[PDB]
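# Residue-level structure breakdown
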Amino acid sequence: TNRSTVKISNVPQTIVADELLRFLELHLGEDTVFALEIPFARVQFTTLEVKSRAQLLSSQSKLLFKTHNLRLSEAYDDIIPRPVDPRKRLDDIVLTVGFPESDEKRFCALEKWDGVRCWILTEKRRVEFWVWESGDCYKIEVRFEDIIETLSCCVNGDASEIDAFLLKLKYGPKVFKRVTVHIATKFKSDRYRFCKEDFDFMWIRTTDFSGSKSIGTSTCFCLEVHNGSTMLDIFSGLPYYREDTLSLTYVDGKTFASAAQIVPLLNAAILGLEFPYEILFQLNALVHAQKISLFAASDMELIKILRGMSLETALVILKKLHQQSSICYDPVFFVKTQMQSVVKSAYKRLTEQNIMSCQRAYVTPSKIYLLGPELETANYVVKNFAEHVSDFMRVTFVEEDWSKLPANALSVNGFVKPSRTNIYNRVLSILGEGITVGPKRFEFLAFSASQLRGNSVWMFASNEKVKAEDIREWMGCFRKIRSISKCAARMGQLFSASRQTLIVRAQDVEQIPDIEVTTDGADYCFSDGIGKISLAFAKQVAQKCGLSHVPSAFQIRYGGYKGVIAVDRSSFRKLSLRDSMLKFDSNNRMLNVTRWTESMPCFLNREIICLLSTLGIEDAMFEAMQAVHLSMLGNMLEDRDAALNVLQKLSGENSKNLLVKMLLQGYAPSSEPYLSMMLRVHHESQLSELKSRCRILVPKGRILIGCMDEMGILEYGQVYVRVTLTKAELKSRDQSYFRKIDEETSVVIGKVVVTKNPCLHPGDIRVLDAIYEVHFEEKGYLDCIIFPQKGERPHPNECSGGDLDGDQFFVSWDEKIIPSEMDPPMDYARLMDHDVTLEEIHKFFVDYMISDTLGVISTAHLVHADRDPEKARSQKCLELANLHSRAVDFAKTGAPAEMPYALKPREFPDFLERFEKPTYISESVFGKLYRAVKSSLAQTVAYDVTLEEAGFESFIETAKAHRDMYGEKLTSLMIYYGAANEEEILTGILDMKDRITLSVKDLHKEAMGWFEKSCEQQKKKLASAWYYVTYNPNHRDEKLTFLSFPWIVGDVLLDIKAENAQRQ
Ligand SMILES: [Mg+2]
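Residues numbered from 1 in each chain as written, not as in the entry; some residues may be left out. Heavy atoms only, no water. Residues with missing side-chain atoms left out of burial classes, pairs and counts.

Rule in force here: UniProt positions are given in the numbering used here, feature names are shortened, and annotations may be inferred rather than shown by experiment.
Per the PDB entry, the recorded name for the protein is RNA-dependent RNA polymerase 2, and the organism is Arabidopsis thaliana. In the PDB, the structure is listed with the title "Structure of RNA-dependent RNA polymerase 2 (RDR2) from Arabidopsis thaliana". According to its UniProt record, the protein has this under Subunit (literature references left out): "Interacts with NRPD1 and SHH1. Associates with Pol IV complex, forming an interpolymerase channel bridging their active sites, through which the Pol IV-generated transcript is handed over to the RDR2 active site after being backtracked, where it is used as the template for double-stranded RNA (dsRNA) synthesis. Interacts with JMJ24."

As structure tokens, this is what we get:
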């Protein structure tokens, strides 16, 4: 319960471990100390009886070495994780990994290991098995969440009822390797040495040590323990322990041994002509999800039954097999039952609805996890190659728990050289040789920047029609690119979502030169990515995007000139691009607009709050703004303000949202059940965000796309910010921070704080001056901060490392957070002849995994910023800001940003919900916001529908089938991914693709709803909407529990409600 690791009190640095080893011998029992640490010293004892006796002697205060007293304090983190309970440390056991081969009582002994040291750790929730395969030692650790079922087994004779203990895993263990340095053993106390049993060496994560790779291809661990008197262990401490002991007999698992370093959990080549894109992937998906066993899919019966039957029914039956949460030990029986009890548009929907059925694969450190076809937003590559959409595969590299791969897993990081571990080599080998799910071999083609951040890789099966290399030829990569950075940029440019604007003539594209100052040594270009566009081209681009207004600037990727282009009414050339926007060469002379300039609501971040506090904004100022935010959030369940205060701006909802529709012209949020539940979900999301990432909205502030003034009027330290006034801002206008330009928009006149999204170094917070230019009408910039054309240094450049390639700048006129003084900024300062190879791109991906994520670097900066007197100007914080800049620049220079141990957060703020880390209270630097958030958190309508929304007699009742079909589809989606009882598009938002899986059934319902409507439409569309409302609300006692079927036609329902209210 304490791990016997006692944090020693103040001790001198001139202390010998052998001295304390022998001194403790004269004070406690003989050889009764396990481990010892001296840098805040730690001593681990053998048991909890020898511990609490030193504490008893510590309370007696007798122990005093030399002239220094010892105050043995509370138990800190374990020096070496060992089970203090003598019984929990099981040694010399027989461990066999396998799967139940679809019988629930027979086990595939894939590989048997003898001498396994099973350490069942409760405080640190993990059971670590120490194996000794070959000549090296490996540790197999389950995580107490891997175990979905622990069973009491009887593998040998029935004389002993309890002989083995099964450990059914759902994610798969993390395998480590015993690697030593053979260095001097003393090192005073040393970190892992001084142990009684010589627990030296390091534990680096590696792959399946078994030649047969039995660890990966096994979903269960069997622990043949010598004694069955261990009921107390392997009990409710191990999750899901049934008391019903099962008789388990071993079977030969030699037929499932695969030596392939890729995809160790797939079916063998025992298929004649079976289609792998629709069964083998789905069968392997079932095996990985453990819905059926590996022998359940490799058996002749199921293979022959699926081969004989139709493919569409096969997809349906395999999906239904994947539906149930238990392990189907009789997939043949399930398939036969669904066959006998069968109860009897087009795949190219991405060309129209921009949604693909992608077959993603999470490649863990030692296992493959195929996840079948899943609906996500389509990208340009599949948009072009929809003929082979089933040949794509979104390969993601995870850490055996569907979590992000740690840098420690892929790199060792007391070491002389950063030697990459076996996980990095495995990822490189998989990216090279590809994933082979049967006949289809998925080999790497390219990845996106977000995919790089998400550790996701696309792989194409080399179909006979088009090879996986020809698509790379289409995308323009690996053709003539010379640098890995620009190769990755070109690869990612064709994956990010965008809108295809008008095709632009190459002759109409002017090339206006860049603006560079080149002062103070650094070469700084003012027009780093900002271009131009004519007003006519702007209007046609706007209507191409889908807007009725002309945005000030568009973030574009036209050809290779990636950047943002502003609307100049003086400009007559169509596109007037620049050289500084060039990233790669491309003949695709057509605009690809990602996002335009809109007045996106502002919201602070923990990094922005940290820097503003460091520059001199008191914590009592942020707390007041968060108090206003929490006041706005508390009454959203009880006031109509949520229509234009929470959903409109705090969340991603807009004027076309259904909740906004029924709140702008509807009743209170708590009146309607669907409205109340969706508003409660939004409330939970906003509170969780504000508690995690302090998105404190500033009404006097807007996050705006950076832009440059194309005329020389704006000077250094001066910016132009003309923003369309919000409704609340329209109500309270004509202030010192604004002046009326039009009936709708106003330009800031006062001081403005400007910083980029990362915003980690004190100095990116720039207190610029918002000035009104007499040329506001001539150029008409809107919802975009206008950086000066000339000056000592470009303002986005001194905003950390920002530039006008579409980077959004945090701009707020709110005087409360505007610093009195601004810190002077950081400096923010190779075409190898070997060209770009596929292996080089794989190495770039691997090294990006080596580099620590921007999120963890920002979190560590927060940790080191919440205690130091200089919050962000601290040496730790400045060095880690430089490291964060290196991590951002990794997309340009492939040097991983390995955060050192000195910069690692030893103890984490209470604001960050890091339960594994040792938390310290953070009442110093705006940690009061978390406490305020917690304090704020811890402070049918059928008749109404039939009256004010269903006045016209519908009497259709055709929506009952939809409620039994679309409701069935929603229940299927909830069973597949969801966990709550929500039936709306936010079902998975408790979410990356749940809004895509959902809102498609509603889109299917919308198609189904109009299909059942014969159109006028008052007798068809309104009738169907009223029938759905009556089916859901009036018969809510039925077995539907949806409350969202009428919301699929919710626009029509709200229109009918307004029409009935208009007639009244
Ligand atoms: Mg940028």
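### Regarding the overall build of the protein
Where we set the bar: Here a helix means four or more residues in a row that DSSP labels H or I, a strand means two or more in a row labelled E, and each is numbered from the N terminus. Radius of gyration means the value over C-alpha atoms here, while the globule rule gives 2.2 Å times the residue count to the 0.38 power.
Broken down by element type, the protein carries 32 helices and 40 strands. Computed over the C-alpha atoms, the radius of gyration of the protein is 32 Å, within 12% of the 31 Å expected from 2.2 N^0.38 for a compact globule of 1064 residues. Across its three principal axes, the protein shows a C-alpha extent of roughly 90 × 80 × 65 Å.

### Section: the packing of aromatic side chains
For clarity, the cut-off: Ring pairs shown here join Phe, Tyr and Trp side chains whose ring centres sit within 6.5 Å, with only the six-membered ring taken for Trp; geometry is labelled stacked below 30 degrees between planes, edge-to-face above 60, and tilted in between. Charge over a ring is defined by NZ of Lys or CZ of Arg lying within 6 Å of the ring centre and within 35 degrees of the ring normal.
Ring geometry for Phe392 versus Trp458: centroids 5.6 Å apart, planes at 90 degrees, classification edge-to-face. Each residue in the set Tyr380, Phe385, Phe392, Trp458, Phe460, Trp474 and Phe495 is aromatic and connected to the rest through ring pairs, giving one cluster. Here the guanidinium or amino end of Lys170 rests over the ring plane of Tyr171, the centre of that ring lying 4.9 Å away. Sitting above the plane of the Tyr920 ring, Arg867 keeps its charged end 5.2 Å from the centroid.

### Here we look at the sheet that holds strand 6 (residues 89-98)
For clarity, the cut-off: For two strands to be treated as a pair, DSSP must find at least two bridges joining them.
What the ten strands build is an open sheet, ordered 14-13-10-9-8-6-15-12-11-16; its pairing is mixed. The outermost strands of the open sheet, each flanked by one partner alone, are strand 14 (202-205) and strand 16 (246-247).

### Here's the deal with the sheet that holds strand 1 (residues 5-8)
Which entries qualify depends on this criterion: Geometry is summarised by axes, namely lines fitted to C-alpha atoms with helices restricted to the contacting stretch, and by angles between N-to-C directions that run from 0 to 180 degrees.
Spatial strand order, 1-3-2: three strands in an open sheet with antiparallel pairing. Edge positions in the sheet fall to strand 1 and strand 2 (33-37), since each of these pairs with one other strand and no more. Each neighbouring strand pair of the sheet contributes to a mean axis angle of 20 degrees, computed without reference to strand direction. Strand direction decides the pairing type here: strand 2 and strand 3 (residues 41-45), joined by four bridges, are antiparallel. Bridge pairing in strand 3 links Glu37 to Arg42.

### Focus: the packing of helix 6 (residues 311-323) against helix 7 (residues 331-340)
Just so we agree on the cut-off: Roughly parallel refers to an angle under 35 degrees, roughly antiparallel to one over 145, roughly perpendicular to one between 65 and 115, and oblique to any angle outside these ranges. Left-handed describes a crossing whose near helix is turned anticlockwise from the far helix through less than a right angle; right-handed describes the clockwise counterpart. In this description, contact between two residues means that some pair of their heavy atoms is separated by no more than 4.5 Å. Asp, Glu, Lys and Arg are counted as charged, while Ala, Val, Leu, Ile, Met, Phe, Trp, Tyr, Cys and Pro are counted as nonpolar; the rest, among them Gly, fall into the polar class.
Put simply, helix 6 and helix 7 touch, their axes get as near as 10 Å, and they point 125 degrees apart. The pairing of helix 6 with helix 7 is recorded here as oblique in orientation. Here helix 6 runs over helix 7; the crossing is right-handed. Where helix 6 abuts helix 7, its residues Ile317, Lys320 and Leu321 lie against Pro331, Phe334, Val335, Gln338 and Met339. The residue inventory of the contact of helix 6 with helix 7, partitioned by class, reads six nonpolar, one polar and one charged.

### Thoughts on unusual backbone geometry
Although it is not a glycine, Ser102 adopts a positive phi angle of roughly 65 degrees. Along the chain, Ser102 turns up in the loop between strand 6 and strand 7 (106-109). The phi torsion at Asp520 lies on the positive side, around 60 degrees, for a residue other than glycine. One can find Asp520 in the loop between strand 24 (499-503) and strand 25 (530-533).

### What about the environment of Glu598?
Defined as follows: For the purposes of these results, a polar contact is taken to be a pair of N or O atoms within 3.5 Å, where, inside protein, one atom must be able to donate a hydrogen and its partner to accept one; residues adjacent in sequence count only when each atom of the pair is a side-chain atom.
By secondary structure assignment, the location of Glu598 is in the loop between strand 28 (590-596) and strand 29 (600-601). Expressed as a C-alpha distance, the spacing of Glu598 and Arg702, which sit 104 residues apart in the sequence, is 9.6 Å. Excluding residues within four positions of it along the chain, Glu598 makes contact with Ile703, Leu704 and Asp783. At 3.3 Å, the side chain of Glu598 forms a polar contact with the side chain of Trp596.

### Some details on helix 3 (residues 276-288)
Heads up, the condition is: Any helix carries an expected span of 1.5 Å times its number of residues minus one.
The first and last C-alpha atoms of helix 3 sit only 16 Å apart over 13 residues, clearly below the 18 Å expected at 1.5 Å per residue. A positive phi of about 65 degrees marks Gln290, the residue just after helix 3.

### Describing the domain arrangement of the protein
For clarity, the cut-off: In this document the domain limits rely on a domain assignment from an automatic tool or a database.
What the domain assignment lists for the protein is domain 1 (5-69), domain 2 (89-256), domain 3 (276-340), domain 4 (356-475), domain 5 (851-937) and domain 6 (942-1063). Each of domain 1 and domain 3 has a C-alpha centre, and the two are 60 Å apart.

### So, the UniProt feature "binding site: Mg(2+)" in the protein
When the UniProt feature table is mapped onto this chain, "binding site: Mg(2+)" is found at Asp803, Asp805 and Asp807. Inspection of the secondary structure puts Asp805 in the loop between helix 21 (795-798) and strand 38 (808-812). If near-sequence neighbours (up to four positions away) are discounted, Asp805 is found in contact with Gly529, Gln555, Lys562, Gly563 and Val564. Of note, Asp807 is situated in the loop between helix 21 and strand 38. For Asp807, the contacting residues outside a window of four places in its chain are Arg595, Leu704, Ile705, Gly706 and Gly802.

### As for the pairing of strand 38
Bridging between strand 30 (residues 702-705) and strand 38 involves four bridges; their strand directions are antiparallel. Along strand 38, the bridge assignment pairs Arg702 with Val811. In the sheet, strand 35 (residues 751-756) pairs with strand 38 via four bridges, with the strands oriented antiparallel. Across the sheet, residue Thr755 finds its bridge partner in strand 38, namely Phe810.

### Comments concerning the environment of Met822
The topology assignment puts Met822 in the loop between strand 38 and helix 22 (838-850). The spacing of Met822 and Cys784 is 38 residues in sequence and 22 Å in space, taken between C-alpha atoms. Those residues in contact with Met822 that sit more than four places away from it in its chain are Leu615, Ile765, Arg766 and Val767.

### Focus on the pairing of strand 9 (residues 126-131)
For strand 8 (residues 111-121) and strand 9, the ladder comprises five bridges, and the chain directions are antiparallel. The partner of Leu121 across the bridge, within strand 9, is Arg126. Hairpin connection of strand 8 to strand 9: four residues between the antiparallel strands. When strand 9 meets strand 10 (residues 138-142), the two strands line up antiparallel, connected through five bridges. Paired with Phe129 across the two strands is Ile140, which belongs to strand 10. Taken together, strand 9 and the strand that follows it, strand 10, pair antiparallel across an intervening segment of six residues, in which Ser134 is found at a positive phi of about 60 degrees.

### Details of the packing of helix 23 (residues 854-865) against helix 24 (residues 875-889)
Contact geometry of helix 23 with helix 24 gives a least axis separation of 9 Å together with a crossing angle of 170 degrees. Viewed along their axes, helix 23 and helix 24 adopt a mutual orientation that is roughly antiparallel. Residue-level contacts link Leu854, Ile857, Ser858, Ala860, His861, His864 and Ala865 of helix 23 to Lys876, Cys877, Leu880, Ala881, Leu883, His884, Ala887 and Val888 of helix 24. Looking at the contact of helix 23 with helix 24 residue by residue, the classes come out as ten nonpolar, four polar and one charged.

### Notes on the side chain of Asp163
Take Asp163: it is sitting in the loop between strand 11 (147-154) and strand 12 (164-169). Here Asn156 takes part through its side chain, which lies 2.4 Å from a polar atom of the side chain of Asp163. Not counting residues up to four positions away in its chain, the partners in contact with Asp163 are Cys153, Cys154, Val155, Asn156, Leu223, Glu224 and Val225.

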